Every structure is written in structure tokens, then in C-alpha cells.
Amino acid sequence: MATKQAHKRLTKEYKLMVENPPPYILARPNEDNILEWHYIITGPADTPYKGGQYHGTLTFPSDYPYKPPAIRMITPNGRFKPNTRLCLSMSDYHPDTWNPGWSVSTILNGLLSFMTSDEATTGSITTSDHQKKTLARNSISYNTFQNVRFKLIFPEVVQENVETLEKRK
């Protein structure tokens, strides 16, 4: 069981996202484990990610709020190696400078802003703009058929994706 402190904080962080949803970012705790969050980043305009659907996870440790989450991205994307901890300023590569007061939306906006930059970090990969665009186009099919956890966590989005894939055809 998560500590009562962590459970209270992370519940509040979800409510804050419901009340003020950050553009391009949907995220929520697992319904049976408040420490394991899943997110979907929608690729923004003005990037080669435009229209992509990028599933990943923010795994808060048992000692949250005093230790950062592990950040991973599951959907192939051309910027981050899939299923790999990512070295970001607000991540578990940086426990010494962790600020407990960072909100989940702040952490995720840090991931999105890093994604759309070209800075290398542990977990990043090198692809072309064309490869990123192909991965963005194919991300919805990927998450529907090649991503076992996506359907378990986001069944309502799988249902949307099926309709999107049909409308594309």
C-alpha cells in the first residue's frame, strides 16, 4: 500500500489535472495503484510529432513525495527509446535536486518540452523528421494493437482509436 501521504498528494494532483487539463497531456493513476500513472501525450502542431498519440508511464516510488518518478515512453516515437527510463531534470535520474512541490502537470510539461527540443539525454535516440512523422501517423494503430497495457488502462481511448482508424481508411 502507498503511504497515506503519497495517496493524498497524488489524488490531489489528479484532481488538479481534471480541473485544469494541460493541453496535449492526459494522465491518471492506475485505479488499483495510485503510484503508477499512465499518460498520453498528443503530438503538438509545429513539431514532427503532430497528431501522434504517445503512451507512457510516470512511476512514483514508495517514498514519494521525497523521491522523483521514473519516466518512460511506451509508444515508438523516434525521440525516446521505448520502455526505457528517461533522464530529465524532474525524473529519478536527479534525486539530489528533486523538488517535492513539482506538480504532475509540471513534470509532464517538462517531458513534453524536452521531447520537442533536440537535446540529447540518456534514453533519447536519433531519427529523421520523416521517421518521426511516420511513427506519429502509426502511433494510434500501435497503441491499439501492439501495446498490451494501453488497452488495459485506456479502454475508452482504444474504442476511439478504432473509430479513428476506420475514418482514416
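Just count from 1 along the sequence shown to find any residue number.
Quick check: 126-134 versus 102-110, which has the larger average CA B-factor in the record?
Stretch with the greater average CA B-factor: 126-134.
Which is higher in the entry, the mean Cα B factor of 156-164 or that of 6-14?
It is 156-164.
Which third of the chain holds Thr84 when residues are ordered by C-alpha B factor: lowest, middle or highest?
Within its chain, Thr84 is a middle-third residue by C-alpha B-factor, going by the deposited values.
Among the modelled residues of this chain, does the Cα B factor of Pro69 put it in the lowest, middle or highest third?
Lowest third, going by the recorded CA B-factors of the chain.
Taking only the Cα B-factors deposited for this chain, tell me whether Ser139 sits in the lowest, middle or highest third.
As the PDB entry reports it, the C-alpha B-factor of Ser139 lands in the middle third of its chain.
Is the Cα B-factor recorded for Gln53 in the lowest, middle or highest third of its chain?
Its C-alpha B-factor belongs to the lowest third of this chain's values.
By the recorded C-alpha temperature factor, relative to the other modelled residues in its chain, which third is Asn33 in?
Middle third by C-alpha B-factor.
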